[PDB]
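Trainee: The structure that follows is given in the form of structure tokens.
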Amino acid sequence: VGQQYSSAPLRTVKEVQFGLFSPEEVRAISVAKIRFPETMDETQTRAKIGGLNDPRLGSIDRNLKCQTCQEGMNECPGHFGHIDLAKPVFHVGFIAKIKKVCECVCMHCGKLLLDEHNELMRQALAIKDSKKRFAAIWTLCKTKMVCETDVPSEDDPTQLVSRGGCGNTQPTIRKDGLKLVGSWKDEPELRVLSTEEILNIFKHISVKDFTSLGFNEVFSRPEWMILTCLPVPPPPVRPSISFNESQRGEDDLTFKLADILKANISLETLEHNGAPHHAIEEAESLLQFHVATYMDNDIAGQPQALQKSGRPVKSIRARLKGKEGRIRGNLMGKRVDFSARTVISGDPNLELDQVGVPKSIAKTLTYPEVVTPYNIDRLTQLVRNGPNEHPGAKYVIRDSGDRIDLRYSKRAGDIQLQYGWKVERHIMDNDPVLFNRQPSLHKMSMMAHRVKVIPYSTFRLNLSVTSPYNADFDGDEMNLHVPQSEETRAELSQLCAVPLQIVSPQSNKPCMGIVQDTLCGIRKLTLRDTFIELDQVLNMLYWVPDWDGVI
Amino acid sequence: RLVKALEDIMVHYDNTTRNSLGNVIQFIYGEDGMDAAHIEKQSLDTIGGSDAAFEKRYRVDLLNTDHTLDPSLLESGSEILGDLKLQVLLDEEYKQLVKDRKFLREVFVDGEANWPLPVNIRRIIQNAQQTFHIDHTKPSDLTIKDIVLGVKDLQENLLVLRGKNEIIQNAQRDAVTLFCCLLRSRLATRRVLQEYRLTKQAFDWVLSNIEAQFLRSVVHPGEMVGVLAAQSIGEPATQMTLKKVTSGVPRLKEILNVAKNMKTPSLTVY
Amino acid sequence: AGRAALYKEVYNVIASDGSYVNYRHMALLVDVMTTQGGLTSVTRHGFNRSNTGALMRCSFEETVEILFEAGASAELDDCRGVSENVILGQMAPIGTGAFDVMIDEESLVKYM
Amino acid sequence: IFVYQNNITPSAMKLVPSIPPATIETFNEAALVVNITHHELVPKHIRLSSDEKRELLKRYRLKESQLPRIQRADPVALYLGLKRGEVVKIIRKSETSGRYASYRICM
Amino acid sequence: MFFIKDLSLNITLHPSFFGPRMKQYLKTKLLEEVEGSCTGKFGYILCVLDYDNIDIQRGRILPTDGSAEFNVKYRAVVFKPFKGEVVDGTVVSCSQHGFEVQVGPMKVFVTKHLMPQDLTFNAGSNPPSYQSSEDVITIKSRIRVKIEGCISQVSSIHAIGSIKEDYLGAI
Amino acid sequence: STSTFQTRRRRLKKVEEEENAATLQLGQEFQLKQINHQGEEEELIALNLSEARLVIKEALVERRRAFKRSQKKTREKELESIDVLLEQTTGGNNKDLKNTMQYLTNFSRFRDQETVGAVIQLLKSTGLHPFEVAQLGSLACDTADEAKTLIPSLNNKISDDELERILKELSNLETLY
Amino acid sequence: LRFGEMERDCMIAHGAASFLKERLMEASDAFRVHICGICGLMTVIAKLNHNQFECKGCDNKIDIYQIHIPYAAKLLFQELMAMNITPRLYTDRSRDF
Amino acid sequence: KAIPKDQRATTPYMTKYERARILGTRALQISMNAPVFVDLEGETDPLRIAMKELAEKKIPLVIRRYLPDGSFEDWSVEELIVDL
RNA sequence: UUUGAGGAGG
DNA sequence: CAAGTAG
DNA sequence: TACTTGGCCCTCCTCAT
Ligand SMILES: [Mg+2]
Ligand SMILES: [Zn+2]
Ligand SMILES: [Zn+2]
Ligand SMILES: [Zn+2]
């Protein structure tokens with residue numbers, strides 16, 4: 001998939017290691033300095049300034065270039081960029097923990113607030129469950145607010161032993177908007193905790209301290225919950241939308257970057273100029289803002305950071321949030337090709353396991369068959385047949401990874417097939433397909449039928465296979481999926497085939513029977529009172545396709 | 001939810017129901033390792049019925065003029081009357097059927113004897129019936145040894161688990177126990193010869209089939225049981241189109257959420 | 001004895017409707033809810049907090065929030081979860097792919 | 001084993017885990033008026049020797065975690081007085097196959 | 001200096017070749033994709049030893065196309081120069097910047113200023129060469145060099161070597 | 001590529017790749033302690049010229065053999081006897097091997113798999129590390145200064161007199177031409 | 001047509017392993033990307049021509065794999081990364097079990 | 001780890017998923033121009049040939065059954081009893 | 001083209 | 001509309 | 001105390017910025 005051969009080896013993912021970015025790595029990785037906030041126009045001249053999107057990142061305008069990476073548009077995943085902030089910012093989502101962390105370690109020296117010495121502590125440390133240690137470590141010392149320099153060892157509460165020092169009182173902390181404040185207690189002292197400081201108190205936290213608290217020296221050191229260097233997603237993550245040429249189409253994201261960028265430069269241009277000391281932290285909260293917003297936008301501290309037009313603004317997190325979004329809406333469920341839908345109707349002349357497929361669709365849906373000595377003949381006939389008569393095909397693809405469009409190609413009628421080539425042909429009678437009716441809550445809501453090319457526009461299904469999908473013909477529509485690999489088919493025909501689903505495991509009993517007319521009529525036909533004469537008893541016999549020809 | 005909550009659960013090649021962590025959730029799928037599809041409501045005759053009827057149906061005494069098998073049924077009838085070494089196997093069979101009795105009446109206090117079990121024995125014999133055109137007139141030809149010794153030999157092959165040790169080979173007897181009771185129930189000498197006049201041939205067949213039909217009723221390591229079970233429950237939930245207590249759809253919600261303040265707290269004390 | 005209850009109760013919620021569910025299903029659920037230790041709810045509060053992989057519980061309710069604390073605590077995912085693979089585009093260890101298939105070159109000579 | 005009537009002083013109770021190896025357990029009168037194990041619903045559980053357990057594991061290829069657990073404060077867990085690590089075999093009736101054997105480790 | 005390291009390679013075989021003599025095509029293709037290869041991590045892969053007992057193990061079938069993939073465990077003779085190692089070869093080329101000696105499948109170059117002083121360079125010589133008080137180095141003349149450094153590259157490895165030390169030079 | 005019998009847990013920070021020098025510090029891929037397919041441990045494989053020339057010819061030849069088990073259904077003199085064995089059992093486009101055989105056949109120091117046997121048995125009573133135990137086998141050496149200088153890793157691992165004797169017994173076994 | 005979650009759940013029930021994969025990949029997303037053998041990222045600078053590979057910052061050219069995943073997932077990742085979270089992709093397990 | 005051909009423990013029979021997948025796989029291959037190990041009594045459909053190759057147990061494939069703990073068991077189409 | 005709202009279908 | 005979870 | 005996220009599936013229109 002994708003096209004173009006790669007000498008790289010091919011493996012399947014086996015592990016997913018989650019980590020946090022070390023400002024250093026974000027750099028290493030990046031290919032764009034990303035200094036300007038604007039998009040392109042080298043003074044209106046169309047291209048892209050070595051500023052935002054493409055100062056080497058991916059590209060647009062159907063052009064190979066991509067730091068020689070060429071490949072152009074399709075085949076080239078984006079290439080991350082970075083953007084040196086001016087001052088350290090929180091991380092919308094981690095703030096909660098960055099907070100809890102502090103309540104877990106005092107500043108000035110930055111070290112735990114309960115060593116092997118305290119016993120209640122010990123137990124908390126045995127719990128081999130980062131999630132639960134941290135959740136019990138915190139509970140134990142969110143309370144103690146004095147960096148004890150001496151504690152009664154395992155002997156006499158009389159003899160005092162020493163460890164680390166600087167008892168500097170520990171301030172209780174609370175969350176105000178996007179910042180943390182704490183009092184240091186007659187009467188308190190309220191000062192705002194500067195990122196620049198917090199960060200510093202984390203860098204200093206001990207390696208076995210990371211560890212003791214739910215962390216990991218290699219992939220996630222607390223000192224990374226605070227953003228220094230910012231990863232700048234390449235185009236394919238925030239593409240455009242060009243209404244031809246001389247117009248716009250930038251993606252929502254491409255904006256917050258722009259804003260985060262603006263709000264960054266302005267900050268910096270104050271520390272190397274008339275720096276009105278505490279008239280800066282009034283524009284530093286703007287960077288903390290934007291950079292927070294660009295990721296999360298549905299917060300408690302109201303301000304939604306509305307985009308000109310009052311339109312909310314799509315925070316990255318938004319994209320992933322359940323249903324309709326990435327995870328659930330794109331990966332756990334996608335739209336798919338080789339599918340079709342119409343209105344079902346009953347038909348007492350179709351084996352249980354069949355399905356009437358309207359010629360229309362059969363000519364539309366296709367199956368990729370591999371040119372083989374077994375079929376060459378039959379296949380070449382379908383190919384010559386063109387994509388208009390029914391039994392035919394509509395695409396021939398040769399080993400040379402290039403598709404021949406059967407309806408145009410000046411050689412449409414020509415073509416000798418080559419053992420190995422593939423000929424996408426029409427769906428034919430007896431092509432196993434996965435049929436179904438939503439809502440799907442049964443193994444049975446989906447079953448494999450034998451395709452039956454038929455006239456008129458509907459999926460004509462047998463009656464007895466009705467109740468399983470649980471459907472009637474009152475305008476009820478249905479879905480059909482066409483397999484693609486000899487083995488795919490097999491899977492449908494070998495486990496999804498309707499004749500298999502006859503006995504329901506969800507109630508250890510059959511889940512299909514005889515209903516309506518055939519049911520009603522079978523009773524009438526039964527009755528001792530009911531007798532049938534020759535002429536008819538003969539026609540009836542002829543109808544059971546397996547009649548032994550014995551009146 | 002039910003679904004997301006059980007996706008990852010499937011029967012593993014060891015015949016254990018685990019998830020993606022491999023945490024055993026059931027040691028044998030459904031406490032019996034049977035594929036739901038191969039199960040039908042059979043009846044455990046060994047349960048219901050007066051202690052009286054129980055004797056007149058399964059008791060065989062070769063040391064008694066009125067409690068021995070009328071030689072009109074067994075070929076070697078008359079020549080068995082009295083044989084002591086047989087009455088030991090005959091007594092063994094009976095002491096068992098009885099143990100079964102007390103066993104079943106200990107797992108199903110209701111007295112309900114109709115339950116879902118693999119291998120439909122009632123039919124598996126019926127077919128044996130007209131398959132060998134068996135005439136209720138002439139006598140069978142099954143040694144008493146033929147029967148009771150073969151029945152024991154069948155149980156040996158109804159393997160659900162395989163294991164080369166005790167813990168496992170012990171679980172075996174467990175996961176099978178119930179079925180067997182139904183087996184001994186239907187293959188008790190008196191029945192086999194007086195109710196369904198099997199011939200050695202018919203018998204050796206009915207046996208051969210139960211064994212094979214059973215081995216087929218076992219669950220397949222792979223079966224994505226969780227989702228199955230999930231659906232199997234949330235499906236009948238949508239079909240819920242709705243003596244005075246919290247009940248139905250809302251009840252189910254109450255249950256899954258593991259709620260503390262159920263509308264109906266109630267409590268039955270006997 | 002609790003499992004007994006939980007099940008007995010669930011059963012009755014399907015019985016009151018004249019429906020039938022083969023033990024095993026309700027048992028399995030009653031069991032999943034019980035094993036871990038006591039009553040684990042079929043909610044983002046219970047089951048979706050257990051040791052399961054991140055990507056998995058991530059495809060249900062707490063999504064982004066769940067992920068965040070994953071890279072934060074450098075979580076590691078097995079990719080033994082149906083979901084995991086579905087997200088990855090790899091055949092999941094389910095039925096068909098609950099085992100491997102190989103060409104025994106040896107037997108591949110006795111066949112000629 | 002100590003049977004209090006209405007309750008013990010929290011000053012008191014904080015003296016049980018202070019003389020190992022030995023061990024102590026506290027039970028309320030009103031909690032022992034009826035033996036719970038006698039209940040229609042409670043199936044019989046059984047302690048497993050450090051051996052019988054090491055066997056079980058090795059016989060299912062199980063890691064300790066993967067085993068269904070029982071609360072250290074679970075009613076029955078005190079009726080037998082388990083310990084964080086001891087495994088219990090629970091043999092109960094089953095409407096699918098007469099008897100089903102399940103195990104419960106202790107947390 | 002030369003080695004006999006134990007390696008393994010991965011070949012993905014198309015169903016087509018799932019014949020009777022597969023072991024054959026496998027081995028054979030193994031050879032086409034190893035003998036003549038060069039890695040910085042393994043140096044020069046020169047020859048596959050014990051051709052006959054190459055381990056194939058069972059190959060598994062991938063899962064979208066019948067292709068099967070085998071983890072062929074072999075063993076062979078390799079050779080990768082090092083800094084500080086000393087080997088002697090046959091000079092090949094020679095210029096106003098030095099001469100290049102050829103040690104085995106590789107080629108090591110010697111800078112005019114990395115060799116002794118009393119050794120000038122003769123331009124008007126045919127073939128080109130370097131002259132000394134008593135020594136004369138040209139095309140075929142056999143030298144013995146000390147590899148000062150190595151530079152891996154593509155499907156080959158080069159290195160610069162000095163003959164300014166003692167016990168080095170011609171022979 | 002071609003995986004090497006040993007999966008090092010490269011946990012992100014792939015930084016520390018020391019230098020390569022006759023300090024006997026060869027890329028981790030050549031620790032004097034490596035692993036054999038059988039899963040056992042096994043000393044590195046020190047192959048000195050002419051000892052290799054034999055090994056190569058050994059398989060290259062025995063290949064020509066098993067190569068025809070499936071076909072039924074003096075200096076300048078060996079330069080030719082080999083150019084043939086190649087154009088039969090080699091990739092032909094392995095111009096590296098051609099050159100390897102020349103170099104390995106011109107500069108080689110032995111002809112008999114016997115003589116080469118003694119070379120080995122002799123040098124293998126040292127306790128010396130494979131690399132040395134090879135450089136010693138393929139490099140002429142008259143004085144111990146010449147040796148312990150053209151193989152600096154020797155220096156303190158053997159008295160000059162000793163290493164001298166050994167050098168004496170080399171030129172003594174050094175097959176003629 | 002959309003192959004919603006439910007549809008997936010059914011296929012899982014069936015054990016339609018391969019079919020499911022297929023619906024999800026070949027018949028929709030399916031994309032080929034390159035990873036670093038070191039930091040399980042999509043950094044890799046695959047020039048798929050002059051066979052060049054690299055992935056500086058980790059600096060490679062030798063240890064590089066190629067994988068097939070849903071373009072959506074590709075995105076999922078990149079998106080996560082832009083949020084400063086690293087989803088490592090490793091082609092082999094080291095945690096055993 | 002690997003499990004001996006002896007001491008083997010799984011089902012002597014073939015799981016439907018195995019059967020299903022092997023016929024699928026084998027079919028894919030036959031359809032890929034792989035070699036066919038039976039006399040096509042004139043058959044021309046791969047999954048049909050696979051069906052035959054499987055009835056004469058002339059399928060060169062081997063099922064590696066993995067266990068929850070990681071160790072597996074290897075079985076050949078030959079061995080595996082094909083009830084169904 | 002994306003998006004956001006309303007109406008409808010089983 | 002609610003219940004639970006968590007600060 | 002207060003608030004937070006959960007809210008059938010799929011499909012089809014039209015409208016407006
Ligand atoms: Mg309707
Ligand atoms: Zn690019
Ligand atoms: Zn301090
Ligand atoms: Zn990298």
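Residue numbers start at 1 in each chain; chains themselves are named A, B, ... in the order of the structure tokens; ligands are numbered from 1 in the order shown.
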Just need the residues of chain G within 9 Å of chain H, counting only C-alpha atoms, so spit them out as a PDB file with N, CA, C and O atoms, in the first residue's frame.

Mentor:
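out_18.pdb, freshly written:
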ATOM      1  N   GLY G  15     -14.508 -14.041  14.439  1.00  0.00           N
ATOM      2  CA  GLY G  15     -13.138 -14.513  14.464  1.00  0.00           C
ATOM      3  C   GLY G  15     -12.564 -14.230  13.104  1.00  0.00           C
ATOM      4  O   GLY G  15     -11.513 -14.752  12.735  1.00  0.00           O
ATOM      5  N   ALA G  16     -13.292 -13.381  12.378  1.00  0.00           N
ATOM      6  CA  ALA G  16     -12.973 -12.947  11.018  1.00  0.00           C
ATOM      7  C   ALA G  16     -11.705 -12.109  10.951  1.00  0.00           C
ATOM      8  O   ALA G  16     -11.592 -11.156  10.178  1.00  0.00           O
ATOM      9  N   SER G  18      -8.701 -11.898   9.588  1.00  0.00           N
ATOM     10  CA  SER G  18      -8.170 -11.358   8.339  1.00  0.00           C
ATOM     11  C   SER G  18      -9.105 -10.393   7.639  1.00  0.00           C
ATOM     12  O   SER G  18      -8.681  -9.318   7.219  1.00  0.00           O
ATOM     13  N   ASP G  96       8.970  -9.557  27.038  1.00  0.00           N
ATOM     14  CA  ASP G  96       8.563 -10.962  27.048  1.00  0.00           C
ATOM     15  C   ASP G  96       7.150 -11.267  27.534  1.00  0.00           C
ATOM     16  O   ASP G  96       6.209 -10.552  27.196  1.00  0.00           O
ATOM     17  N   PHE G  97       7.006 -12.332  28.320  1.00  0.00           N
ATOM     18  CA  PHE G  97       5.698 -12.757  28.819  1.00  0.00           C
ATOM     19  C   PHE G  97       4.889 -13.374  27.681  1.00  0.00           C
ATOM     20  O   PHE G  97       5.430 -13.494  26.556  1.00  0.00           O
TER      21      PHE G  97
END

Trainee: So which residues touch residue 9 in chain K within 8 Å, counting only C-alpha atoms (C1' of nucleotides), skipping near sequence neighbours fewer than 3 positions away, as a list in words?

Mentor: residues 438, 439 and 440 of chain A; 4 and 6 of chain G

Trainee: Per residue of chain A within 12 Å of chain E, note the shortest atom pair and the distance in Å to one decimal, counting only C-alpha atoms, and order the rows by chain and increasing residue number, as CSV.

Mentor:
residue,atom,partner,partner_atom,distance
A:1,CA,E:64,CA,11.4
A:9,CA,E:10,CA,9.1
A:10,CA,E:12,CA,9.8
A:11,CA,E:62,CA,10.3
A:12,CA,E:62,CA,10.6
A:370,CA,E:65,CA,11.7
A:372,CA,E:16,CA,11.8
A:419,CA,E:16,CA,11.5
A:420,CA,E:16,CA,10.1
A:484,CA,E:64,CA,10.2
A:485,CA,E:64,CA,7.6
A:486,CA,E:65,CA,9.5
A:487,CA,E:64,CA,8.3
A:488,CA,E:64,CA,9.1

Trainee: For chain A, which residue among H:9, H:3, H:34, H:59 is the nearest when counting only C-alpha atoms?

Mentor: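 Selected residue with least distance to chain A: H:34.
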
Trainee: Just asking: which residues within range 48-244 of chain B are strand (DSSP E) according to DSSP, as a list in words?

Mentor: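 Those in range 48-244 of chain B that DSSP calls strand (DSSP E) are residues 114, 115, 116 and 117 of chain B.
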
Trainee: Take the selection from the previous step and output its residues with N, CA, C and O atoms, as a CSV table (one decimal), in the first residue's frame.

Mentor:
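part-v5.csv, freshly written:
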chain,number,residue,atom,x,y,z
B,114,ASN,N,-34.5,-30.7,33.5
B,114,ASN,CA,-34.2,-30.3,32.2
B,114,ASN,C,-33.2,-29.2,32.0
B,114,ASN,O,-33.5,-28.1,32.4
B,115,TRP,N,-32.0,-29.5,31.5
B,115,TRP,CA,-31.0,-28.6,31.3
B,115,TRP,C,-30.2,-28.6,30.0
B,115,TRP,O,-30.3,-29.6,29.3
B,116,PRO,N,-29.5,-27.6,29.6
B,116,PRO,CA,-28.7,-27.5,28.4
B,116,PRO,C,-27.5,-28.4,28.5
B,116,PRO,O,-26.6,-28.1,29.3
B,117,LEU,N,-27.4,-29.4,27.7
B,117,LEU,CA,-26.2,-30.3,27.7
B,117,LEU,C,-25.8,-30.8,26.3
B,117,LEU,O,-26.7,-30.9,25.4

Trainee: Which residues sit within 7 Å of ligand 4, counting only C-alpha atoms (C1' of nucleotides) and all ligand atoms, listed as a PyMOL selection string?

Mentor: chain G and resi 36-41+43-44+55-60
